[PDB]
Amino acid sequence: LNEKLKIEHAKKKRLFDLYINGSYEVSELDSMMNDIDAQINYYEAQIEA
Amino acid sequence: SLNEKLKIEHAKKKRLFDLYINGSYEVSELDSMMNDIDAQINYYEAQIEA
């Protein structure tokens, strides 16, 4: 399930893509991006330990 | 209708810059897409040369 990390990271590149094209605002991007970053940490740690 | 692509890129550039002034996020994340955004502005300029 290391792929999921790329998938969660792939979602990050896209989430930036959307905002840059105006589909998502800054205020939203705050909540949505940190959710991913947390989801990564949620899946980043205590699996390679 | 290739002339009016830079204004979109500038809008694409602005939005991105609003994340820097917002202050959060990692700058290296924002630098990778800016490298693509700045470059796309470059070609639109360069095509006018010839």
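Just one of (1) surrounded by 12 or more Cβ atoms within 10 Å (Cβ to Cβ); (2) over 14 Å from the mean Cα position of the chain (by Cα) fails for A:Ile47. It is (1). Taking the criterion of being out of contact with any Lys or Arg (no Cβ under 9 Å at 6 or more places or on another chain) and surrounded by 12 or more Cβ atoms within 10 Å (Cβ to Cβ), the residues of the range B:18-30 that qualify are B:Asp18, B:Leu19, B:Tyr20, B:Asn22, B:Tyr25, B:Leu30. For the range A:16-29, the criterion of being in contact (Cβ under 8 Å) with a residue 12 or more places away in the chain, more than 8 Å from every other protein chain (Cβ to nearest Cβ) and part of a helix (DSSP H, G or I) is met by no residue. When restricted to residues that are closer than 14 Å to A:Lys12 by Cβ and either within 17 Å of the chain's Cα centre (by Cα) or of a type in the set (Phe, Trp, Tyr) (or both), the range B:20-30 contains 4.
With respect to being within 22 Å of A:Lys12 (Cα to Cα), among the polar types (S, T, N, Q) and at the interface with chain A (Cβ under 10 Å from one of its Cβ atoms), B:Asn35 falls outside the description. Residues in the range B:2-11 that are in a helix (DSSP H, G or I) and under 19 Å from B:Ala46 (Cα atoms): B:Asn3, B:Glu4, B:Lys5, B:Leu6, B:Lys7, B:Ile8, B:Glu9, B:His10. Scanning the range A:38-49 for residues that are touching an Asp or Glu at 6+ places or on another chain (Cβ under 8 Å) and either in a loop (DSSP other than H, G, I, E, B) or away from chain B (no Cβ under 13 Å) (or both) gives A:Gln39, A:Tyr43.
With ideal geometry, Cβ positions are generated from the backbone for all residues, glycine too; neighbour counts draw on all protein chains shown. All of the numbers you see were taken from the coordinates with simple rules; none came from a lab.
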